[PDB]
Structures are given as C-alpha cells and as structure tokens.
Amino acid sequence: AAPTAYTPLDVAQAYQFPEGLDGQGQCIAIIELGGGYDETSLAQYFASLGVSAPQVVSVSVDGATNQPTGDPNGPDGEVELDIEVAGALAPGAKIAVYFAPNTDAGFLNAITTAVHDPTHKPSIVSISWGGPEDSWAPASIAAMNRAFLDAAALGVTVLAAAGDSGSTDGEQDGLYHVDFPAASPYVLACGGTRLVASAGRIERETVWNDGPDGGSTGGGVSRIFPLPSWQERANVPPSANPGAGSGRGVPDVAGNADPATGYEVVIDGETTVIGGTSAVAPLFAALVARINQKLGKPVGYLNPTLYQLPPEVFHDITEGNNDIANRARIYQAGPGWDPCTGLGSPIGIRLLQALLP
C-alpha cells in the first residue's frame, strides 16, 4: 500500500525491452497541445539515468511553440513526461516534439504534419492527449481517423494513451465512454496497469484503478468504430451501454500507469512522480523504436499483427476493473484480451523475436 516509483529504465527492464538497442536511426514524434519543456530538466534527467541524451527538437504547428509555463503540475508535466520516458528508453532516437493550438484542427494538423514531415521523418508518433470519442465533432473524428489510416499506409506507428478516468472517461451522463484517439482502429491504444516489479521479475500487475480520486485506465467498446476484422477473435464483449452494440475494443496493450507505482521524472526542475496512461504511449514508442532499429525497417501499423501473435508475447493482466463510477465493475479484466488492458503488457524481447523472420 506504500506509494512507490520507478525510473523508466526499471519499467523497461520489467517488460524485458530488448537489450543493446537504443532506437538509433529512428525518429519519434510526440504531439503536444500546450505547455513546453526546458533543457535544464531534460539534461539533468538523462544525465541522472546514465544515458546519452537524445536530440530533442521542437516543431511549430499553426503558430504554436515550445512554451513551458513553469508549473510542475501543469501541461509541462505531460510534455516533459513524454520526452523523458521515450528519450530515456530510446536515447539513440531523435525526438521531434510538435506543438499545436489546443483545437480540433490543431490536433489534426500536428498529426498530419508529423506523419508527413520530410525533415524529421518520424517512424513513430506518440500521443498522450485525448477526450471521449462521443464529445468530438463527427467531422473531426473522421478527419483524424483518416490521418491515422494514412500513417498506417506510410509505415508510421501511432500510439495513444487510452485515458485516466476509467470506463466512463470523465463523463457523467450515465453511460460508458472510450477515449479518442485511442478508439481509432489505426492507433495502438495504450491502457494502464499497477506494476509491482523488480529487475528480474514482475511480482504483480493488475488494472490501474485508484477510484474517482486517483484515476483509472480508460478502456471499453467504441460506439463509433466497428469491431475490426483483426480483433474479431479477441472476444471483445458487447458494449455495457444499454442497446449494447459491437465495436472496436479499447485498449490494445497496457503498461504501468498507476501514479502510486509511478514514474520518477524531473518537471520544471522538480524531481517528482507522474503516472497515467500518458506515460504508456511514450514507453511503448521507445520499445517500437528499438524493434525498428533491429529489424532495419519500421513495423508501422502493428495492430493486425499483434492480435495474431502467440500468447507468450504478452503478460496477461487478469485482475481488476476500470470502473470508477459505480459498483458494476464495467469493465473487468480477465483471461485473454479485456477492455481494461487489451492483450496485456508486452514482453519486449518476445515481441521482437516474433517480428523477426
């Protein structure tokens, strides 16, 4: 019950990230709609972990720029968490941070700008911003989903945090909701767990659920995207919302997100702990950068492949639920894919081995 924290290297070790690979030759794009980062925090942090610091550059979209507010509890926490987690684990990769206005067009423009960027040429895009899929204008959902389909066609992996307010995703309208962009079938949706691990083993990994006050992983069944062909054997349940419905199941994978077993980071000069699914997209972006480095070619769109890989590639989470609204336990983890943690946490070395011919 005592709160703990890990450096990103400890979590990568627990998930058996492949050794001897650092993302050299890869560029990870990170999307930001507010805040900024300062070089002092990044340099202190990377030095503290003993890793050669990755090059980090900012890209302005629609007039937005890298502008830290200086408040460790503000958006700088998101920006610096993203860079510190991805950068500490794929320090050989180049990191390009795209800043855009916090509008639907700005979010879309940041994604399309990164995906098609001929200067930075990212092979991976990490996204830790989002909102309930049914709170978005339908036109915006369509445009962003098409941008993600385009990234898949181009061989660019797009990862997105699944949410921090459980199965209701922050809405109090008597229904369950999944977050977008995680709900897009073209995005690798990243859920969250409470991880108890040491260098040699995972002692326990359960659904992240700290109640209404502490947050919980997003997850559920989309009301907008049909169940994908490649997800039809995952046993995604019907939606818990009356009238139910078959839909794309969220998330696809999951990793440590509980702030109570969180990430030690340096935000605006302050050493602290941050969690949330915001950390999981950059964590797995670094894993993908390592895998791409070894393969010599980008894995791009991974979802169809992940769902047909052998079970041994994942650590199945089976205990917990992501309900923070009521006592119904919607949804619950269980054997195999579930709407709290998807396929579970990847075992890095096994995922790499499964992707090599």
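Start at 1 and count along the sequence shown; that's the residue number.
Higher mean CA temperature factor between 19 to 27 and 335 to 343: 19 to 27, per the PDB entry.
The stretch with the higher mean CA B factor, choosing between 216 to 224 and 132 to 140, is 132 to 140. Out of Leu154, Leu287, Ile127, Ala162, it is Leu154 whose C-alpha atom has the highest B-factor in the PDB entry. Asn322 sits in the lowest third of its chain by CA B factor, as recorded in the PDB entry. Annotation for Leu302: C-alpha temperature factor in the lowest third relative to the rest of the modelled chain, per the entry.
Among the modelled residues of the chain, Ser167 sits in the lowest third by CA temperature factor in this PDB entry.
Sort the modelled residues of the chain by CA B factor and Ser246 lands in the highest third. In the PDB entry, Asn145 places in the middle third of its chain by CA B-factor.
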